């Protein structure tokens, strides 16, 4: 019943334009996330907003809706429509801010959800380390 909330932020050594280009490509999630086997569009929108992707991982699957995107502010919000995981009301958020010195990128990844999992502290630690931290480090390895 309690609303979980995770916030992970780091600095990737790559320009903000190149980070946004890969992140705004909604279906290319599996290219840089090591836990995602495949990722593709179920339905794609011309204005990006409203696109639905499917991310297949080693545990289960996930189908997410792109609820809002703002290229001028490097802001991106998406939520889970269907999932084989005990994630109810899941919503995620990505915010990029340029780092002028050496032209890097400040990434901030926030998620919020409610779960019926009996051990939620282990579930929030699983998402924080193996989804958010692993995804940021994966984006850093993708641009190596």
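Positions refer to the first chain, counted from 1.
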(message) Test of understanding: from the entry's C-alpha B-factors, which stretch has the higher mean, 118 to 126 or 12 to 20?
(response) 118 to 126
(request) Look over 104 to 112 and 30 to 38 in the entry and identify the one with the greater average Cα temperature factor. (result) 30 to 38
(request) Return the residue from 51, 68, 91, 84 that has the highest Cα B-factor in the entry. (result) 84
(request) Determine, from the deposited record, the chain-internal third of the Cα B-factor for residue 64: lowest, middle or highest. (result) lowest
(message) For the chain shown, is the CA B-factor of residue 45 in the lowest, middle or highest third of its modelled residues?
(response) middle
(message) Please say which third, lowest, middle or highest, residue 96 falls into when its CA temperature factor is compared across its chain.
(response) lowest
(request) Could you tell me which third, lowest, middle or highest, the C-alpha B-factor of residue 57 occupies within its chain? (result) highest
